[PDB]
Structures are given as C-alpha cells and as structure tokens.
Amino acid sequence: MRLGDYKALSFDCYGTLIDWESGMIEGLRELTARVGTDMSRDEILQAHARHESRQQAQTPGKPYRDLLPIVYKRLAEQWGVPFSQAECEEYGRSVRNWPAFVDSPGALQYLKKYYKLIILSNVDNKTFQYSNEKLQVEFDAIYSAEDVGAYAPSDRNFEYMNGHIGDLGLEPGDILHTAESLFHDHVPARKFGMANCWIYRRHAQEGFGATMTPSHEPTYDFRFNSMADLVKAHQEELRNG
C-alpha cells in the first residue's frame, strides 16, 4: 500500500500525460464548427471515443496515425457534414501536436529518480516520439499499439508488456500501472493482476470524455487528481515514512 513499494511505473500516455482531449478538440474544430458550436465538448469527445474504440477493434494493426483519419471520416459522416480525405489525414498527423498536461514533464522528471518509467500507449512509434519530446524524459521502455498489433484494452497489450519487462529486470508485481482511463487501462490492469494508480484527470468533469464507459468500475490501489499530486504523495511518503 505504499508508492515506494514499486520498482517501476507504467503509464498510459494519451489522457494521463498528454492532454489528448484538448488536443483532439483542437484537431476536430474545423469539422465540429460545420456541425455548430452548440455541440458540447463532452458530446464530441464521446462520439470520438465510440468511433475510435470500434475502429481500433476493427483494424487492430493499423498505425494510430492512419487509424484516426478513419475516425475523422466516421464522425463527419455521422454528423452529415462535408469533409475531405486530406482533412482526415491531417487529423491523424495532429497527434504529434497534442499538448502535455502542464504538470507532466516535471512530475516525470521527479519520478525518473525513483522508478523505471514505462509507456503503454495506443499510438504508433513515429507519432509518439513527438509526444516524448514534449514530456522531456527518457522512458526505460515504450510498449506501443504498433509494437503489439492491437490497442488497449486488448489483452494483447498487457501480455506484450509482461513478455518484455524481464529485459528490464522487472516482474509484473514490481510495476504500478498509472493511467487515467478506466476502459483502456484499469479494467485490463486488474484483469492482469496489476497494481494500479488512477490519475483522475476528469475529477471535475462530468462523464468519460474521450474514453468509453467501462463494463464496470474497477478497483484501484491509489488515486490522485494529477501527476503533480502523485509526486506530492511520493514526497509525503518519504518525509513521513
């Protein structure tokens, strides 16, 4: 029950470290403006969650940068608005510009001093390098959907990570999986018997945003509203332990 009991943290990226909700809102705004500005942020995010999760199941080996153009098309068609294939492909390129949460770089730099840092992310490797540059830290391992050939919450993603962490000198019990998404991360993490830390980025925001409603709310061993609060809790453990 202590953060210091773990040798490594594994992180989801998009939603936990990178603010993908703000990033996709910006990437979609020319399209959503054709619908109308009355359509709310939550409606946009949930419509994207629906098409993204379904397309990730349909074509699990498609690189994320090539999958999001299809999601853009599905949304435009659902909303009945004109669009172009060029706009679709540009949207898939927009991921590299999705911004970090402002607390993520400093938090990751702090945590690097105490833990090996692992990424488990629904992304392609070419795209992720740009997010990695925004995060300003070296990851001990990056396990991407491209490496896996499937997208979380597929069993294959945790299985792939578990099959490689031995190369880092780690076993599954050494790792605290740290993530925002109940659907993508915490349901599978609990299925795999992982210890888990919920970074509840949407603590003040109604609904699930860009993640799907999970089949159930899974258990979590730790919860914090931000990466900055995770770091403060680690500092508190060292100060008072």
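The first residue of the sequence shown is number 1, and the count goes up from there.
When the two stretches 180-188 and 29-37 are set side by side, the higher mean Cα temperature factor goes to 29-37. According to the PDB record, 165-173 carries the higher mean C-alpha B-factor of the two stretches 117-125 and 165-173. Highest CA B-factor among the listed residues (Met194, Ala57, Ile70, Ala47): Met194.
Highest CA B-factor among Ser144, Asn132, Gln78, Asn97, as stated in the entry: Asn97.
Remark: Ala107 belongs to the middle third of its chain, ranked by C-alpha B-factor as recorded.
Per-chain ranking of the deposited C-alpha B factor places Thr219 in the highest third. In the PDB entry, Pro82 places in the highest third of its chain by CA B-factor.
Ranked by C-alpha B-factor against the other modelled residues of its chain, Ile18 falls in the middle third.
Split the chain's modelled residues into thirds by C-alpha temperature factor. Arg74 is in the lowest one.
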